[PDB]
Amino acid sequence: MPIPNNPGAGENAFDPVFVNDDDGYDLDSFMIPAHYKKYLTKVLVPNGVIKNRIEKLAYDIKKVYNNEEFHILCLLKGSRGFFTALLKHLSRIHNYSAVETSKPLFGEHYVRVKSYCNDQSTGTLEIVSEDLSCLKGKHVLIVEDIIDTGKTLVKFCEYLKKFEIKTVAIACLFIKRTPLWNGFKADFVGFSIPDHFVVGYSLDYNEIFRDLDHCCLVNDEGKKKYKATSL
Ligand SMILES: Nc1nc(O)c2[nH]cc(CN[C@H](CO)CCP(=O)(O)O)c2n1
Ligand SMILES: [Mg+2]
């Protein structure tokens, strides 16, 4: 398979794990921080299934890039867990197969982007400008937590055009089956999830629940309790 370079087309993407509308687990099935329980409906995807899926995504990425140098771009803050697990598994897969004449596989890079207040996009993407000129003529793999509206990645890929990057491919942990979706597709996708606001595995509601290990549905009491005053 060739290195993807049609950002938003997901030209050759394998189907993600399909999480059905009624899939999930009650809150007593797994360890949940006691104070979060009253603000969650259910566990949608446990921590362990997320980790197992990311290991397979790392395998899929290694199969595409083989030994070709690429540059992994973490979209902070929500991608932290996903990015961490991808780095772990890509490094292990690459370094386990390496010989003394091998080379490192990837560089690691960070951009902070922000657009949500409560459970809704403001429709403006804030980007913390660190000079990405070092990615000129490089293969770039964007690592993102979730595609929902598709506004973050459409706007971020437009921003990247100025740096004359060789290829842009997208790895995304979750894609949401929402009528808000603008059609933006990733090249590597973990899970297709139902239209509910998820929290956990670094995904927040107004900075709450990033530490929750499982992908869970926040209930209306949680949305009310932690509703933003500002922005
Ligand atoms: N926690 C959480 N849960 C969801 O279901 C979410 N859906 C969208 C978000 C917010 N951050 C996303 C990128 O990190 C925005 C993706 P977009 O709507 O721009 O495609 C989000 N955050
Ligand atoms: Mg967020």
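The first residue you see is number 1, and the count goes up from there.
Positions of Cβ are set from backbone N, Cα and C atoms, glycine also.
Copied from Swiss-Prot, the annotated features are:
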BINDING   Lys77, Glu144, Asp145, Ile146, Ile147, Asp148, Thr149, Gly150, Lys151, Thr152, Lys176, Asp204  GMP binding site
ACT_SITE  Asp148  active site, proton acceptor
BINDING   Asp204  Mg(2+) binding site
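Features as recorded by Swiss-Prot, highlighted on the structure.
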| residue | record | Cβ neighbours (10 Å) |
| --- | --- | --- |
| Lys77 | GMP binding site | 16 |
| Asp145 | GMP binding site | 25 |
| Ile147 | GMP binding site | 27 |
| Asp148 | active site, proton acceptor | 24 |
| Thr149 | GMP binding site | 18 |
| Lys151 | GMP binding site | 20 |
| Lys176 | GMP binding site | 19 |
| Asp204 | Mg(2+) binding site | 18 |
* Measure between the Cα atoms of every pair in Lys77, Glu144, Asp145, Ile146, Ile147, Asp148, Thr149, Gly150, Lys151, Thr152, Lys176, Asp204, the residues the record assigns to GMP, and report the largest value in Å, rounded to a whole number. => 19
* To do: Using C-alpha atoms only, work out the spacing between the residue listed as 'Mg(2+) binding site' and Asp148 (active site, proton acceptor) and round it to an integer in Å.
  => 14
* Asked: Which binding-site residues among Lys77, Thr149, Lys151 have CB under 6 Å of ligand 1?
  -> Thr149, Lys151
* In whole Å, note down how far the CA of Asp148 (active site, proton acceptor) lies from the CA of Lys176 (GMP binding site). => 5
* To do: Specify the secondary structure state of the residue listed as 'active site, proton acceptor' as given by DSSP, simplified to three classes.
  => coil
* Structure fact -> Those binding-site residues among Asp145, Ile147, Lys151 lining ligand 2, judged by a Cβ under 6 Å from any of its atoms, are none
* To do: Can you grab the distance from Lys77 (GMP binding site) over to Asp148 (active site, proton acceptor)? Cα atoms, rounded to a whole Å.
  => 16
